[PDB]
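Student: protein29.txt is reproduced below (compact mmCIF, C-alpha atoms and all ligand atoms).
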# COMPACT_ATOMS: atom_id res chain seq x y z
CA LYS A 4 75.42 14.46 -5.39
CA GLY A 5 78.11 14.55 -8.13
CA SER A 6 77.55 15.49 -11.77
CA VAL A 7 77.09 13.20 -14.75
CA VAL A 8 80.32 13.40 -16.84
CA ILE A 9 80.89 13.01 -20.60
CA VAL A 10 83.62 10.31 -20.89
CA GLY A 11 83.50 9.75 -24.59
CA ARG A 12 81.45 10.17 -27.73
CA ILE A 13 80.20 8.33 -30.79
CA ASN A 14 80.83 9.79 -34.26
CA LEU A 15 78.47 8.68 -37.00
CA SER A 16 79.76 11.17 -39.71
CA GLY A 17 80.76 8.67 -42.45
CA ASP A 18 78.80 5.36 -42.97
CA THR A 19 80.42 3.65 -39.92
CA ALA A 20 80.06 4.74 -36.30
CA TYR A 21 83.07 4.91 -34.04
CA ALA A 22 83.43 5.40 -30.29
CA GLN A 23 86.11 7.72 -28.89
CA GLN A 24 87.04 7.78 -25.16
CA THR A 25 87.89 11.29 -23.85
CA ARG A 26 88.22 10.67 -20.06
CA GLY A 27 89.55 7.88 -17.85
CA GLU A 28 88.17 6.90 -14.42
CA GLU A 29 90.30 9.37 -12.37
CA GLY A 30 89.54 12.43 -14.54
CA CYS A 31 85.87 11.34 -14.57
CA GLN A 32 85.70 11.25 -10.71
CA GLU A 33 87.41 14.68 -10.46
CA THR A 34 85.03 16.18 -13.08
CA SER A 35 81.97 14.69 -11.33
CA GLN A 36 82.91 16.48 -8.10
CA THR A 37 83.46 19.99 -9.59
CA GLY A 38 80.87 19.84 -12.36
CA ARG A 39 83.44 21.76 -14.52
CA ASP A 40 84.34 20.08 -17.80
CA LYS A 41 86.46 22.18 -20.20
CA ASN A 42 86.08 19.70 -23.14
CA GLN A 43 84.00 20.95 -26.08
CA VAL A 44 81.03 18.67 -26.91
CA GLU A 45 81.46 16.91 -30.34
CA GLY A 46 79.86 13.89 -32.09
CA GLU A 47 76.24 12.75 -32.40
CA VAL A 48 76.01 10.75 -29.15
CA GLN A 49 77.75 11.30 -25.79
CA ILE A 50 79.03 8.47 -23.61
CA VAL A 51 78.30 9.55 -20.04
CA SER A 52 79.03 8.22 -16.56
CA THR A 53 78.01 8.55 -12.91
CA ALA A 54 80.15 6.95 -10.13
CA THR A 55 78.29 3.62 -10.66
CA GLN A 56 76.97 3.45 -14.27
CA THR A 57 77.98 4.35 -17.83
CA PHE A 58 75.25 5.00 -20.47
CA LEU A 59 74.53 7.34 -23.41
CA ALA A 60 73.00 10.79 -23.97
CA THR A 61 71.76 12.12 -27.32
CA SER A 62 71.15 15.72 -28.45
CA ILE A 63 67.80 16.20 -30.29
CA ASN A 64 66.06 19.58 -30.79
CA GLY A 65 68.92 21.32 -28.94
CA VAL A 66 68.43 19.31 -25.72
CA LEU A 67 70.84 16.59 -24.52
CA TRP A 68 68.52 13.71 -23.52
CA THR A 69 69.16 10.63 -21.43
CA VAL A 70 67.38 8.13 -19.15
CA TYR A 71 66.38 8.97 -15.59
CA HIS A 72 67.38 5.42 -14.49
CA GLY A 73 70.96 6.45 -15.38
CA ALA A 74 71.15 10.18 -14.56
CA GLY A 75 68.58 10.60 -11.74
CA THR A 76 68.14 14.34 -11.00
CA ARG A 77 71.91 14.99 -11.45
CA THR A 78 73.49 18.02 -13.08
CA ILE A 79 75.87 17.43 -16.03
CA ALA A 80 79.47 18.79 -15.99
CA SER A 81 80.10 21.51 -18.62
CA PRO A 82 82.56 24.33 -19.61
CA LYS A 83 80.36 26.77 -17.60
CA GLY A 84 80.03 24.49 -14.53
CA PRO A 85 77.26 22.02 -13.56
CA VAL A 86 74.10 22.30 -15.68
CA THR A 87 70.72 21.67 -13.95
CA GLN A 88 68.19 19.52 -15.89
CA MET A 89 65.64 21.48 -17.95
CA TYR A 90 63.36 18.38 -18.21
CA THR A 91 62.77 15.56 -15.74
CA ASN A 92 60.05 12.96 -16.16
CA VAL A 93 60.35 9.87 -13.95
CA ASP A 94 57.33 8.13 -15.62
CA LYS A 95 58.82 8.45 -19.13
CA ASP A 96 62.33 7.62 -17.68
CA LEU A 97 63.52 10.87 -19.31
CA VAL A 98 65.96 13.66 -18.45
CA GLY A 99 67.09 16.57 -20.62
CA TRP A 100 69.71 19.33 -20.22
CA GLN A 101 69.43 22.39 -22.54
CA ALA A 102 72.44 22.40 -24.90
CA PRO A 103 74.20 25.77 -25.80
CA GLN A 104 72.59 27.91 -28.55
CA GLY A 105 73.73 26.74 -32.01
CA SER A 106 75.29 23.42 -30.85
CA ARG A 107 74.97 20.38 -33.26
CA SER A 108 71.83 18.32 -32.54
CA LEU A 109 69.78 15.66 -34.33
CA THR A 110 66.48 16.64 -36.01
CA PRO A 111 63.25 14.55 -35.73
CA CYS A 112 62.31 11.87 -38.24
CA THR A 113 59.09 12.63 -40.23
CA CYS A 114 59.59 10.09 -43.09
CA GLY A 115 57.56 7.26 -41.42
CA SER A 116 60.24 4.64 -42.22
CA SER A 117 60.01 1.44 -40.19
CA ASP A 118 63.71 0.69 -40.86
CA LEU A 119 65.51 1.93 -37.77
CA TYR A 120 69.10 1.82 -36.55
CA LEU A 121 70.05 1.63 -32.88
CA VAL A 122 73.50 3.04 -32.04
CA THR A 123 75.13 1.20 -29.09
CA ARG A 124 77.82 2.52 -26.67
CA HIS A 125 80.37 0.37 -28.59
CA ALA A 126 79.33 2.20 -31.81
CA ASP A 127 77.61 -0.90 -33.23
CA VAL A 128 74.76 0.20 -35.56
CA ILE A 129 72.03 -2.47 -35.21
CA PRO A 130 68.97 -2.72 -37.54
CA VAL A 131 65.56 -2.59 -35.84
CA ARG A 132 62.12 -3.03 -37.43
CA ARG A 133 59.69 -0.46 -35.95
CA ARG A 134 56.59 -2.16 -34.44
CA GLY A 135 54.71 0.69 -32.79
CA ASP A 136 55.31 4.18 -31.49
CA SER A 137 57.75 2.95 -28.78
CA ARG A 138 58.80 -0.56 -29.81
CA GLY A 139 61.02 -2.16 -32.41
CA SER A 140 62.05 -5.77 -33.04
CA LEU A 141 65.71 -6.69 -33.45
CA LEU A 142 66.52 -8.54 -36.74
CA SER A 143 68.97 -10.80 -34.81
CA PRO A 144 68.58 -11.69 -31.07
CA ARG A 145 71.47 -10.39 -28.93
CA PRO A 146 72.76 -11.39 -25.47
CA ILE A 147 71.45 -8.71 -23.06
CA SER A 148 75.11 -7.75 -22.12
CA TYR A 149 75.46 -6.37 -25.73
CA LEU A 150 72.87 -3.62 -24.95
CA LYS A 151 73.87 -2.89 -21.30
CA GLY A 152 75.05 0.70 -21.04
CA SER A 153 73.31 1.80 -24.30
CA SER A 154 70.21 3.38 -22.68
CA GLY A 155 69.95 7.03 -23.79
CA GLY A 156 71.35 6.28 -27.22
CA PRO A 157 69.47 7.07 -30.44
CA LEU A 158 67.24 5.10 -32.78
CA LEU A 159 67.79 6.72 -36.23
CA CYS A 160 65.87 6.41 -39.49
CA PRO A 161 67.63 5.74 -42.90
CA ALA A 162 67.93 9.57 -43.40
CA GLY A 163 69.84 9.86 -40.08
CA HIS A 164 67.03 11.72 -38.27
CA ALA A 165 66.06 10.85 -34.66
CA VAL A 166 63.18 8.43 -34.12
CA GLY A 167 63.69 8.09 -30.35
CA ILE A 168 65.88 7.40 -27.31
CA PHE A 169 66.68 3.77 -26.34
CA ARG A 170 65.20 3.00 -22.91
CA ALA A 171 64.87 -0.75 -22.24
CA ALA A 172 65.30 -4.14 -23.90
CA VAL A 173 62.65 -6.85 -24.20
CA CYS A 174 64.76 -9.57 -22.47
CA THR A 175 63.83 -13.27 -21.99
CA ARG A 176 66.39 -15.58 -20.31
CA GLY A 177 69.30 -13.23 -21.11
CA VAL A 178 68.29 -12.79 -24.79
CA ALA A 179 67.16 -9.37 -26.09
CA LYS A 180 64.68 -9.71 -29.05
CA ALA A 181 63.18 -6.19 -29.12
CA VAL A 182 63.68 -2.66 -27.85
CA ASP A 183 61.56 -0.14 -25.99
CA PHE A 184 62.26 3.53 -26.67
CA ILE A 185 61.01 7.03 -25.92
CA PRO A 186 59.70 8.40 -29.31
CA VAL A 187 60.90 11.79 -30.51
CA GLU A 188 57.18 12.96 -30.47
CA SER A 189 57.19 12.29 -26.70
CA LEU A 190 60.44 14.34 -26.26
CA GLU A 191 58.70 17.18 -28.17
CA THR A 192 55.60 16.92 -25.91
CA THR A 193 57.98 17.22 -22.90
CA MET A 194 59.63 20.35 -24.49
CA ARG A 195 56.21 21.93 -25.23
CA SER A 196 54.94 21.35 -21.67
CA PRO A 197 54.92 24.20 -19.14
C1 LIG B 1 57.67 3.67 -19.47
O1 LIG B 1 58.49 2.54 -19.79
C2 LIG B 1 59.58 2.27 -19.00
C3 LIG B 1 60.29 1.15 -19.40
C4 LIG B 1 61.40 0.75 -18.70
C5 LIG B 1 61.83 1.48 -17.56
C6 LIG B 1 62.97 1.13 -16.78
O2 LIG B 1 63.66 0.02 -17.21
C7 LIG B 1 64.81 -0.43 -16.44
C8 LIG B 1 66.10 0.10 -17.04
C9 LIG B 1 66.26 -0.71 -18.34
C10 LIG B 1 67.74 -1.02 -18.64
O3 LIG B 1 68.34 -1.87 -17.98
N1 LIG B 1 68.31 -0.33 -19.63
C11 LIG B 1 69.68 -0.67 -20.01
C12 LIG B 1 69.73 -1.14 -21.46
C13 LIG B 1 69.17 -2.60 -21.55
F1 LIG B 1 69.28 -3.03 -22.83
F2 LIG B 1 69.99 -3.44 -20.87
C14 LIG B 1 70.72 0.41 -19.71
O4 LIG B 1 71.63 0.69 -20.50
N2 LIG B 1 70.62 1.09 -18.46
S1 LIG B 1 71.26 0.45 -17.07
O5 LIG B 1 70.22 0.41 -16.09
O6 LIG B 1 71.92 -0.77 -17.43
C15 LIG B 1 72.46 1.62 -16.58
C16 LIG B 1 73.02 2.53 -17.59
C17 LIG B 1 73.85 1.45 -17.02
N3 LIG B 1 65.50 -1.95 -18.05
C18 LIG B 1 65.46 -2.93 -18.97
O7 LIG B 1 66.00 -2.82 -20.05
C19 LIG B 1 64.71 -4.23 -18.62
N4 LIG B 1 63.68 -4.44 -19.63
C20 LIG B 1 62.44 -3.97 -19.43
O8 LIG B 1 62.09 -3.37 -18.42
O9 LIG B 1 61.67 -4.25 -20.51
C21 LIG B 1 60.24 -3.85 -20.60
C22 LIG B 1 60.13 -2.33 -20.61
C23 LIG B 1 59.81 -4.42 -21.94
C24 LIG B 1 59.44 -4.47 -19.48
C25 LIG B 1 65.66 -5.46 -18.43
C26 LIG B 1 66.69 -5.15 -17.34
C27 LIG B 1 64.84 -6.68 -18.01
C28 LIG B 1 66.40 -5.78 -19.73
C29 LIG B 1 64.89 -1.93 -16.72
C30 LIG B 1 63.33 1.90 -15.69
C31 LIG B 1 62.54 3.02 -15.38
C32 LIG B 1 62.92 3.90 -14.25
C33 LIG B 1 62.64 5.27 -14.31
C34 LIG B 1 63.01 6.12 -13.27
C35 LIG B 1 63.66 5.61 -12.16
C36 LIG B 1 63.94 4.25 -12.08
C37 LIG B 1 63.57 3.41 -13.12
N5 LIG B 1 61.46 3.37 -16.07
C38 LIG B 1 61.10 2.62 -17.16
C39 LIG B 1 59.96 3.01 -17.90
CL CL B 2 63.28 11.86 -41.98
ZN ZN B 3 63.07 9.62 -41.06
Please lay out the structure from this file as structure tokens.
Ligand SMILES: COc1ccc2c(O[C@@H]3C[C@@H](C(=O)N[C@@H](CC(F)F)C(=O)NS(=O)(=O)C4CC4)N(C(=O)[C@@H](NC(=O)OC(C)(C)C)C(C)(C)C)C3)cc(-c3ccccc3)nc2c1
Ligand SMILES: [Cl-]
Ligand SMILES: [Zn+2]
Tutor:
Amino acid sequence: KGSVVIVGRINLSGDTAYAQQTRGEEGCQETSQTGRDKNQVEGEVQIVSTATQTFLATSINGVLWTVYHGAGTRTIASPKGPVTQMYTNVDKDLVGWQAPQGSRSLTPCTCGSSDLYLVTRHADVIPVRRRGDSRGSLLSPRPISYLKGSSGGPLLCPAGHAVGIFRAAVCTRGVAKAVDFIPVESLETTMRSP
């Protein structure tokens, strides 16, 4: 037990992304135990933590999504107390918590662009060439440590719409050359499933 806690956020707003920390380790541990977090949710991407891992969560279609390998079946701390997951799919590595009515959320990409942008937990905005529904190649190889903690973050198109959620890196001898992600169409199938 213990809730996932929002510890920071990434603001995309104007041409350059920036990360903002909102909670330190002590406040995080306290918040995880109660599940009560009075902070209002802002920004396009949330930086979230459990007692052992930090990763990202992204709101799309009014649901805050993240990876199961980070969140497990945990609740998320909120102003109204711990929020139980609305969606849980171990096979897709996907978790979603319903966000409050009218909260800011990304909309799906329908433009078919293959020019994607991955937002990391350090607010780096990396170009990615789409290769299939759930894969994209990096334009520069990166050490795997550069992407650690970015699972749950968004892949965006040039119009700033959501293409998917970052899940895993294609890693060979510590070098990431491509990314594996959960496409927004798959999040929508999860939302439409009873
Ligand atoms: C359907 O496709 C998938 C694909 C991957 C899944 C998964 O991946 C695991 C988790 C993921 C990962 O480690 N994600 C990183 C980002 C990465 F760039 F480093 C992350 O931020 N999360 S974390 O674990 O560090 C935690 C937050 C701090 N993996 C990988 O990135 C691996 N690559 C990989 O698996 O590539 C394939 C898919 C091409 C084979 C390595 C570690 C070698 C780089 C292996 C883990 C799980 C999973 C689900 C539920 C419970 C437990 C595990 N399901 C997956 C389903
Ligand atoms: Cl679009
Ligand atoms: Zn688009």
Student: Give me the chain A side of the contact with ligand ZN 3 (chain B), cut-off 10 Å, one line per residue showing its nearest atom pair and distance in Å at one decimal, counting all atoms listed in the file, sorted by chain and residue number, as CSV.
Tutor:
residue,atom,partner,partner_atom,distance
A:110,CA,B:ZN3,ZN,9.3
A:111,CA,B:ZN3,ZN,7.3
A:112,CA,B:ZN3,ZN,3.7
A:113,CA,B:ZN3,ZN,5.1
A:114,CA,B:ZN3,ZN,4.1
A:115,CA,B:ZN3,ZN,6.0
A:116,CA,B:ZN3,ZN,5.8
A:117,CA,B:ZN3,ZN,8.8
A:118,CA,B:ZN3,ZN,9.0
A:119,CA,B:ZN3,ZN,8.7
A:159,CA,B:ZN3,ZN,7.3
A:160,CA,B:ZN3,ZN,4.5
A:161,CA,B:ZN3,ZN,6.3
A:162,CA,B:ZN3,ZN,5.4
A:163,CA,B:ZN3,ZN,6.8
A:164,CA,B:ZN3,ZN,5.3
A:165,CA,B:ZN3,ZN,7.2
A:166,CA,B:ZN3,ZN,7.0
Student: Selection from above, C-alpha atoms, as a JSON list (two decimals), keeping the file's coordinate frame, can you write it?
Tutor:
[["chain", "number", "residue", "atom", "x", "y", "z"],
["A", 110, "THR", "CA", 66.48, 16.64, -36.01],
["A", 111, "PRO", "CA", 63.25, 14.55, -35.73],
["A", 112, "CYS", "CA", 62.31, 11.87, -38.24],
["A", 113, "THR", "CA", 59.09, 12.63, -40.23],
["A", 114, "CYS", "CA", 59.59, 10.09, -43.09],
["A", 115, "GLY", "CA", 57.56, 7.26, -41.42],
["A", 116, "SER", "CA", 60.24, 4.64, -42.22],
["A", 117, "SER", "CA", 60.01, 1.44, -40.19],
["A", 118, "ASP", "CA", 63.71, 0.69, -40.86],
["A", 119, "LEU", "CA", 65.51, 1.93, -37.77],
["A", 159, "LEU", "CA", 67.79, 6.72, -36.23],
["A", 160, "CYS", "CA", 65.87, 6.41, -39.49],
["A", 161, "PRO", "CA", 67.63, 5.74, -42.90],
["A", 162, "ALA", "CA", 67.93, 9.57, -43.40],
["A", 163, "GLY", "CA", 69.84, 9.86, -40.08],
["A", 164, "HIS", "CA", 67.03, 11.72, -38.27],
["A", 165, "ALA", "CA", 66.06, 10.85, -34.66],
["A", 166, "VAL", "CA", 63.18, 8.43, -34.12]]
Student: Take atom CA of residue A:79 and atom CA of residue A:100 and report the distance between them in Å, one decimal.
Tutor: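 Distance reported for this atom pair: 7.7 Å.
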Student: Collect all residues with atoms no farther than 9 Å from ligand LIG 1 (chain B), counting all atoms listed in the file, and output them as a VMD selection string.
Tutor: chain A and resid 52 55 to 59 70 to 75 92 to 97 124 138 147 to 156 169 to 175 177 to 179 181 to 185
Student: Residues near residue A:30, anyone? I mean within 10 Å using only C-alpha atoms, not counting same-chain ones fewer than 5 positions away, as a PyMOL selection string.
Tutor: chain A and resi 8+10+25+35+40
Student: What does the distance between atom CA of residue A:137 and atom CA of residue A:186 come to in Å, to one decimal place?
Tutor: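 For atom CA of residue A:137 relative to atom CA of residue A:186, the distance reads 5.8 Å.
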Student: So, with only C-alpha atoms as the atoms that count, which of A:31, A:67, A:142, A:109 lies closest to residue A:90?
Tutor: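 Of A:31, A:67, A:142, A:109, the one nearest residue A:90, counting only C-alpha atoms, is A:67.
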Student: Can you measure atom CA of residue A:24 to atom CA of residue A:187 for me? One decimal in Å is fine.
Tutor: 27.0 Å
Student: If we draw a sphere of 12 Å around (75.3, 13.7, -26.4), which residues have at least one atom in it when counting all atoms listed in the file? Please report them as a ChimeraX atom specification.
Tutor: /A:7-14,43-52,58-69,79,99-102,106-109,124,155-157,168
Student: Any chance you can output those residues with C-alpha atoms as a compact mmCIF listing (two decimals), keeping the file's coordinate frame?
Tutor:
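Below is the file out-v8.txt, written as the result:
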# COMPACT_ATOMS: atom_id res chain seq x y z
CA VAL A 7 77.09 13.20 -14.75
CA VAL A 8 80.32 13.40 -16.84
CA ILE A 9 80.89 13.01 -20.60
CA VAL A 10 83.62 10.31 -20.89
CA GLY A 11 83.50 9.75 -24.59
CA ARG A 12 81.45 10.17 -27.73
CA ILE A 13 80.20 8.33 -30.79
CA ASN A 14 80.83 9.79 -34.26
CA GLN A 43 84.00 20.95 -26.08
CA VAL A 44 81.03 18.67 -26.91
CA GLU A 45 81.46 16.91 -30.34
CA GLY A 46 79.86 13.89 -32.09
CA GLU A 47 76.24 12.75 -32.40
CA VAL A 48 76.01 10.75 -29.15
CA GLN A 49 77.75 11.30 -25.79
CA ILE A 50 79.03 8.47 -23.61
CA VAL A 51 78.30 9.55 -20.04
CA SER A 52 79.03 8.22 -16.56
CA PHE A 58 75.25 5.00 -20.47
CA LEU A 59 74.53 7.34 -23.41
CA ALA A 60 73.00 10.79 -23.97
CA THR A 61 71.76 12.12 -27.32
CA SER A 62 71.15 15.72 -28.45
CA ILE A 63 67.80 16.20 -30.29
CA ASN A 64 66.06 19.58 -30.79
CA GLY A 65 68.92 21.32 -28.94
CA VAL A 66 68.43 19.31 -25.72
CA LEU A 67 70.84 16.59 -24.52
CA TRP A 68 68.52 13.71 -23.52
CA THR A 69 69.16 10.63 -21.43
CA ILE A 79 75.87 17.43 -16.03
CA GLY A 99 67.09 16.57 -20.62
CA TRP A 100 69.71 19.33 -20.22
CA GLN A 101 69.43 22.39 -22.54
CA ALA A 102 72.44 22.40 -24.90
CA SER A 106 75.29 23.42 -30.85
CA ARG A 107 74.97 20.38 -33.26
CA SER A 108 71.83 18.32 -32.54
CA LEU A 109 69.78 15.66 -34.33
CA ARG A 124 77.82 2.52 -26.67
CA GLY A 155 69.95 7.03 -23.79
CA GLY A 156 71.35 6.28 -27.22
CA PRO A 157 69.47 7.07 -30.44
CA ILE A 168 65.88 7.40 -27.31
Student: Supply stretch 94-107 of chain A as a PDB file, in the coordinates of the input, with N, CA, C and O atoms built in where the input has gaps.
Tutor:
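Below is the file rebuild_5.pdb, written as the result:
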ATOM      1  N   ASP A  94      58.237   9.080 -14.954  1.00  0.00           N
ATOM      2  CA  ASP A  94      57.330   8.130 -15.620  1.00  0.00           C
ATOM      3  C   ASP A  94      57.777   7.761 -17.014  1.00  0.00           C
ATOM      4  O   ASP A  94      57.590   6.613 -17.414  1.00  0.00           O
ATOM      5  N   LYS A  95      58.332   8.738 -17.775  1.00  0.00           N
ATOM      6  CA  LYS A  95      58.820   8.450 -19.130  1.00  0.00           C
ATOM      7  C   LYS A  95      60.249   7.910 -19.086  1.00  0.00           C
ATOM      8  O   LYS A  95      60.744   7.458 -20.119  1.00  0.00           O
ATOM      9  N   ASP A  96      60.924   7.984 -17.907  1.00  0.00           N
ATOM     10  CA  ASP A  96      62.330   7.620 -17.680  1.00  0.00           C
ATOM     11  C   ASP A  96      63.217   8.586 -18.497  1.00  0.00           C
ATOM     12  O   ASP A  96      64.132   8.169 -19.196  1.00  0.00           O
ATOM     13  N   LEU A  97      62.886   9.884 -18.423  1.00  0.00           N
ATOM     14  CA  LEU A  97      63.520  10.870 -19.310  1.00  0.00           C
ATOM     15  C   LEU A  97      64.104  12.049 -18.557  1.00  0.00           C
ATOM     16  O   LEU A  97      63.467  12.596 -17.657  1.00  0.00           O
ATOM     17  N   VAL A  98      65.288  12.486 -18.999  1.00  0.00           N
ATOM     18  CA  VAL A  98      65.960  13.660 -18.450  1.00  0.00           C
ATOM     19  C   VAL A  98      66.494  14.424 -19.667  1.00  0.00           C
ATOM     20  O   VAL A  98      66.944  13.806 -20.625  1.00  0.00           O
ATOM     21  N   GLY A  99      66.519  15.740 -19.568  1.00  0.00           N
ATOM     22  CA  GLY A  99      67.090  16.570 -20.620  1.00  0.00           C
ATOM     23  C   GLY A  99      67.792  17.787 -20.039  1.00  0.00           C
ATOM     24  O   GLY A  99      67.279  18.411 -19.102  1.00  0.00           O
ATOM     25  N   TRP A 100      68.973  18.111 -20.581  1.00  0.00           N
ATOM     26  CA  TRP A 100      69.710  19.330 -20.220  1.00  0.00           C
ATOM     27  C   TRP A 100      69.730  20.174 -21.501  1.00  0.00           C
ATOM     28  O   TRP A 100      70.016  19.645 -22.600  1.00  0.00           O
ATOM     29  N   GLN A 101      69.442  21.486 -21.366  1.00  0.00           N
ATOM     30  CA  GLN A 101      69.430  22.390 -22.540  1.00  0.00           C
ATOM     31  C   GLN A 101      70.859  22.521 -23.042  1.00  0.00           C
ATOM     32  O   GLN A 101      71.766  22.702 -22.234  1.00  0.00           O
ATOM     33  N   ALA A 102      71.089  22.300 -24.337  1.00  0.00           N
ATOM     34  CA  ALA A 102      72.440  22.400 -24.900  1.00  0.00           C
ATOM     35  C   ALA A 102      72.711  23.895 -25.286  1.00  0.00           C
ATOM     36  O   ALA A 102      71.759  24.678 -25.400  1.00  0.00           O
ATOM     37  N   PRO A 103      73.974  24.348 -25.434  1.00  0.00           N
ATOM     38  CA  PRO A 103      74.200  25.770 -25.800  1.00  0.00           C
ATOM     39  C   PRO A 103      73.565  26.134 -27.133  1.00  0.00           C
ATOM     40  O   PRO A 103      73.412  25.262 -27.997  1.00  0.00           O
ATOM     41  N   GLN A 104      73.180  27.410 -27.301  1.00  0.00           N
ATOM     42  CA  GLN A 104      72.590  27.910 -28.550  1.00  0.00           C
ATOM     43  C   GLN A 104      73.521  27.607 -29.734  1.00  0.00           C
ATOM     44  O   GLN A 104      74.728  27.810 -29.633  1.00  0.00           O
ATOM     45  N   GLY A 105      72.961  27.051 -30.805  1.00  0.00           N
ATOM     46  CA  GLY A 105      73.730  26.740 -32.010  1.00  0.00           C
ATOM     47  C   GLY A 105      74.572  25.478 -31.994  1.00  0.00           C
ATOM     48  O   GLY A 105      75.255  25.203 -32.984  1.00  0.00           O
ATOM     49  N   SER A 106      74.533  24.681 -30.898  1.00  0.00           N
ATOM     50  CA  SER A 106      75.290  23.420 -30.850  1.00  0.00           C
ATOM     51  C   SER A 106      74.638  22.359 -31.799  1.00  0.00           C
ATOM     52  O   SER A 106      73.436  22.429 -32.052  1.00  0.00           O
ATOM     53  N   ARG A 107      75.442  21.423 -32.342  1.00  0.00           N
ATOM     54  CA  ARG A 107      74.970  20.380 -33.260  1.00  0.00           C
ATOM     55  C   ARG A 107      73.994  19.442 -32.514  1.00  0.00           C
ATOM     56  O   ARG A 107      74.207  19.101 -31.346  1.00  0.00           O
TER      57      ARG A 107
END
